[PDB]
Amino acid sequence: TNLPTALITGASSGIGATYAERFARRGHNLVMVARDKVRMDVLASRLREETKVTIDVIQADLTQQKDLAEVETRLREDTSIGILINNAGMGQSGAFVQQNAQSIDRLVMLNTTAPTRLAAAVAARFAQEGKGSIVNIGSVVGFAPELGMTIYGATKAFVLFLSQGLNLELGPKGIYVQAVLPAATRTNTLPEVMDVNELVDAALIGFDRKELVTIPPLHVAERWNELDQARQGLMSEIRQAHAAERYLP
Amino acid sequence: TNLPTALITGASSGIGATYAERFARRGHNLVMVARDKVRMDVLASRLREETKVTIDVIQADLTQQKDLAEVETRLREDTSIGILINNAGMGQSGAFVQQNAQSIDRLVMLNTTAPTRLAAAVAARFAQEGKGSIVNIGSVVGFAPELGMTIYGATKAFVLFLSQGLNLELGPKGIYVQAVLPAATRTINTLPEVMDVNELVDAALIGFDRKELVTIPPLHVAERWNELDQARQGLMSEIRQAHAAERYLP
């Protein structure tokens, strides 16, 4: 019974909190990372009592260089960590013209820079060990510029490409890289939205099946294949020596 | 008659330097932004002699908060600037496991954070004026995780999405947002498969003058882009958010 320890960012609520509970019941030791230390301690204390696994709590604001460097160091040196859940992330509030220099910095930093750096911290050790799993939490919005969340969607397009690139680089080294792409998730005079428990349960079914790109709210799985095929179809017609004749006078 | 001033980042060499020469010959005043002030001043001096336009040179490291804030201020306050060429960018050196925390920060900052912030600096004024043009320099690598430049390609996937999002948001305000996606561009025992930077920018400016939204000069079959975008929306058309698909149900 040698289950690897799982480090999970954004563990204080929502998708991260559900991942923590899931892996703890499966028998995995945990390292919980979030900005809200109080909700983490409450959740971690309950999971210790129920599942009897060991859980380390790391308070970290991954928009800060000190906090991000501390989590990187934990990922590099803790040889027991064999699973990274790149879950920490934030949304965009308002239109593009309502955004701030501070808001743009934080949104890219948390959704793009931090998960890339955490993946880099583990990839060197994972490759030497010949095993390891990296789960990046993307978003369906990464496919939908029409939704008006331009910067958030752009960071999620980054996350999907990162996952695809890491699989091709690290897959042959024995490393499993999964992209989980939720839609609207629950993390009144209105009914809608998917329960976070259903989302993580679907994501873990793909995880156990070693699925590379997992989109639970996608009804027709073939649509993803056709998108990837269309992507490669475009690349197959790239001729780099000269511009196409439609750009010639 | 009254051609707007163009601010061009990464103007010291390559695509940025070529955009500068092109817009100066058309009659546009320029604001050149780069870290290499010596090479920029050489270029700007030559363009002043040839085209007789005015050129302001701003030495700036767009990975730095102070320098980026100065260029933001210039874009917000200089009402003569009507064109933004988001060209500043750097490549990735080595595999993912060879990357550094320092290298990752700079790669994301220069290729993603800086162009987004510069676009935001102009968009507020552009929207009030009801006109303006934003040209984001992406890359074909944004379509190709197979090329092994994972972080660089990811930033270019970011830039393309940013361009698509800005067109739908700022287009209705009268703002033109173009995505220019080069492949290998030249900025003896092998066959040439790199495009001359002059040919790349000339193709990009033909798309610019035609108000093309996504311009991929090395793409031989233009329909491939349409089919990709259609497939993208086709995937979105099958998104059902209430429950997970039955393939994830026991």
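Every heavy atom of this structure was used, including side-chain atoms; hydrogens, water molecules and symmetry mates were not. So that the names make sense, note that chain A is the first sequence line, chain B the second, and so on, each numbered from 1.
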Ignoring hydrogens and geometry beyond distance, is a side-chain donor-acceptor pair present between [X] and [Y] at under 3.5 Å?
| X | Y | result |
| --- | --- | --- |
| B:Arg22 | B:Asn198 | yes |
| B:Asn136 | B:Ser163 | yes |
| B:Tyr176 | B:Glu212 | no |

Minimum heavy-atom distance [X]-[Y], with the two atoms named:
| X | Y | result |
| --- | --- | --- |
| A:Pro217 | A:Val140 | CG-CG2, 3.9 Å |
| B:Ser139 | B:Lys156 | CB-CG, 3.5 Å |
| A:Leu168 | A:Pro172 | O-CD, 3.5 Å |
| B:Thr116 | A:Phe96 | O-CZ, 3.6 Å |
| B:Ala203 | A:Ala243 | CB-CB, 3.8 Å |
| A:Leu107 | A:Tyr152 | CD2-N, 4.0 Å |

Atom [atom1] of [X] and atom [atom2] of [Y]: how far apart are they, to the nearest 0.5 Å?
| X | Y | atom1 | atom2 | value |
| --- | --- | --- | --- | --- |
| B:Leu213 | B:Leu166 | CG | CG | 11.5 Å |
| B:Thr51 | B:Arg25 | OG1 | CZ | 7.5 Å |
| B:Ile137 | B:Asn86 | CD1 | CG | 8.5 Å |
| A:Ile175 | A:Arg125 | CD1 | CZ | 10.0 Å |
| A:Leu234 | A:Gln232 | CG | CD | 11.0 Å |
| B:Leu7 | B:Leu118 | CG | CG | 7.5 Å |

Who are the ring pair (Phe, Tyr, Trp, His ring centres under 6.0 Å) partners of A:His242, not counting sequence neighbours?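 For A:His242, no residue satisfies ring pair (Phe, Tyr, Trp, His ring centres under 6.0 Å) once neighbours in sequence are set aside.
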
Does any N or O in the side chain of [X] come within less than 3.5 Å of the main-chain N or O of [Y], such that one atom is a donor and the other an acceptor?
| X | Y | answer |
| --- | --- | --- |
| B:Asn29 | B:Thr5 | no |
| A:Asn111 | A:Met90 | yes |
| A:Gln99 | A:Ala95 | yes |
| A:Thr185 | A:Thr187 | no |
| A:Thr9 | A:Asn87 | yes |
| A:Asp61 | A:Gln64 | no |
| B:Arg48 | B:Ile55 | yes |
| B:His28 | B:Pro4 | yes |

Can B:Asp67 and B:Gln59 be said to form a side-chain hydrogen bond (donor to acceptor under 3.5 Å, both in side chains), step by step? CA-CA 8 Å; B:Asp67 306 12; B:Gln59 182 177 21; over 6 Å; no

Do [X] and [Y] come close enough that some side-chain heavy atom pair is under 4.5 Å?
| X | Y | value |
| --- | --- | --- |
| B:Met32 | B:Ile8 | no |
| B:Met149 | B:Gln92 | yes |
| A:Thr155 | B:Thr112 | no |

Within a 6.0 Å radius of atom CZ on B:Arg35, are there more than 12 heavy atoms belonging to other residues, nucleotides or ligands?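 At most 12 heavy atoms, drawn from other residues, nucleotides or ligands, come within 6.0 Å of this atom.
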
Near B:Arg26 CZ, under 6.0 Å, is it more than 12 heavy atoms from other residues, nucleotides or ligands?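 Yes, because the 6.0 Å sphere around CZ of B:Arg26 holds more than 12 heavy atoms from other groups.
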
How about A:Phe161 and B:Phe158: are their ring centres within less than 6.0 Å of each other?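 Aromatic pair excluded; centres sit 6.0 Å or further apart.
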
A:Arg231 and A:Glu226: CA distance, side-chain angles, deciding distance, salt bridge (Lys or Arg N to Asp or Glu O under 4.0 Å) verdict: CA-CA 8 Å; A:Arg231 178 187 60 77; A:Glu226 295 168 358; over 6 Å; no

Is there a side-chain contact (heavy atoms from CB on, under 4.5 Å) between B:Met109 and B:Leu68 once you walk through the steps? CA-CA 10 Å; B:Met109 176 71 174; B:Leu68 183 51; 3.9 Å; yes

For the residue pair B:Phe23 and B:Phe208, does the interplanar ring angle fall in the parallel (under 30°), tilted (30 to 60°) or perpendicular (over 60°) class?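 Ring orientation of B:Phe23 relative to B:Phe208: perpendicular.
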
Do A:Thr150 and B:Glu169 pass the side-chain hydrogen bond (donor to acceptor under 3.5 Å, both in side chains) test, and can you show the C-alpha distance, the side-chain angles, and the key distance before you say yes or no? CA-CA 8 Å; A:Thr150 297; B:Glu169 272 190 83; 2.4 Å; yes

Pairs meeting criterion side-chain hydrogen bond (donor to acceptor under 3.5 Å, both in side chains) with involvement of residues 69-78 of chain B, two or more places apart: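 Residue pairs passing side-chain hydrogen bond (donor to acceptor under 3.5 Å, both in side chains), neighbours aside: B:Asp56-B:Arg74, B:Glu72-B:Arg117, B:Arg74-B:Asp78, B:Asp78-B:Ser80.
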
For B:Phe126, does the six-membered ring have the charged nitrogen or CZ of B:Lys131 within the cation-pi criterion, i.e. under 6.0 angstrom from the centroid and within 45° of the normal?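 No - B:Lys131 does not lie over the ring of B:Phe126 by the 6.0 Å and 45° rule.
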
Dump the intermediate steps for side-chain contact (heavy atoms from CB on, under 4.5 Å) on B:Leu84 and B:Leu75, then the final yes or no. CA-CA 8 Å; B:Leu84 167 67; B:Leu75 288 172; 4.1 Å; yes

Side-chain donor/acceptor pairs under 3.5 Å, residues 177-191 of chain B, sequence neighbours excluded:
unit_1	atom_1	unit_2	atom_2	d
B:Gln178	NE2	B:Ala204	O	3.3
B:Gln178	NE2	B:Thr215	OG1	2.9
B:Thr185	OG1	B:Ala183	O	3.2

